[PDB]
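Student: I have a structure I would like to understand better, so I am pasting it below and will then ask my questions one at a time.
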Ligand SMILES: [Ca+2]
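Protein chains in written order, with full-length UniProt numbering: chain Y, 38 to 93; chain U, 24 to 246.
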């Protein structure tokens, strides 16, 4: 279950704010994505995040 | 920039901030209507901010101009990060002066040992998070292809170069991507990727601009 994976910033140096499902808190949270090599628990909005991972 | 120093207001006149509601990448002004940055910084709704020092307060020297076009290198590979370069056309031309000015493209590639100036508003902590208000600067030498390839086995292409210190402590970090690596007044690199920030034996990796000068000049002229 990719929804349970911790957020992955990646090797690139951008500071792009994305969302990831935090199963411990039971909600989608923001994190800094570096711009490349995104894993699946990485969403552009809280709505996309909840639709895909909500309640995982 | 980890381990750098405050540049001083508008002392790096070609440095730009890419903003999408907040600063997410840097870039370099190459002429009054074009900016060079990294391909991984591609995003819709980009506003380019020129003449910036403190990115959080309006100091009066700024020019905020929306991008009209964003051209990512046709061969950019999101997996290997090869050809990590992008050109952004400004909706209108910037007003150039001493606080806002373009940087020259290189006539030739720089050699190992050349000292360069790296700048940006990225994270200033290797372990932790601390984003600066003002522009930070770092002087770092270009490293040999041999050492770069030793630091990142099977990941360095002919379009990338390493710069920095093997001891760690001085490096680019999140928020610096797309920013300039200027050596002898010429734009030689674009902040691209690395392994964490300022870690020992892991210098930052930069896009080798000297390999794209022909593509840049022609692309800018036909758009
Ligand atoms: Ca400002």
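Every residue gets a Cβ at the ideal spot worked out from N, C-alpha and C, and that includes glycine.
Should the region 41-55 of chain Y be regarded as contacting the region 74-89 of chain Y, the criterion being three or more beta carbon pairs within less than 8 Å?
Tutor: Because the criterion of three Cβ pairs below 8 Å is met, the region 41-55 of chain Y and the region 74-89 of chain Y touch.
Student: DSSP beta-bridge partners for residue 59(Y)?
Tutor: Answer is 64(Y), bridged to residue 59(Y).
Student: With a threshold of 16 other CB atoms inside 10 Å of the CB of residue 75(U), please say whether the residue is buried or exposed.
Tutor: Counting Cβ neighbours within 10 Å, residue 75(U) comes out buried, since at least 16 surround it.
Student: Does residue 67(Y) come within less than 8 Å of chain U when only Cβ atoms are used?
Tutor: So no, residue 67(Y) is outside the interface.
Student: Name the two residues that bound the continuous beta strand (DSSP E) containing residue 161(U).
Tutor: Element bounds for residue 161(U): 159-164.
Student: What beta strand (DSSP E) runs, 3 residues minimum, are completely inside the region 95-134 of chain U?
Tutor: The qualifying runs are 109-113.
Student: Apart from the five residues on each side of it in sequence, which residues of its chain come closer than 6 Å, Cβ to Cβ, to residue 192(U)?
Tutor: The answer, listed in chain order, is 26 and 221.
Student: Applying a beta-carbon distance threshold of less than 9 Å, which residues of chain Y neighbour residue 46(U)?
Tutor: Result: 52.
Student: The beta strand (DSSP E) spanning residue 72(U) covers which residue range?
Tutor: It spans 70-73 - the beta strand (DSSP E) in which residue 72(U) sits, taken as one unbroken run.
Student: Determine whether the Cβ of residue 166(U) lies closer than 8 Å to any Cβ atom of chain Y.
Tutor: Taking Cβ atoms only, chain Y never reaches closer than 8 Å to residue 166(U), which makes this a no.
Student: Cα-Cα, which of 213(U), 109(U) and 219(U) is closest to residue 151(U)?
Tutor: For residue 151(U), the nearest C-alpha among the options comes from 219(U).
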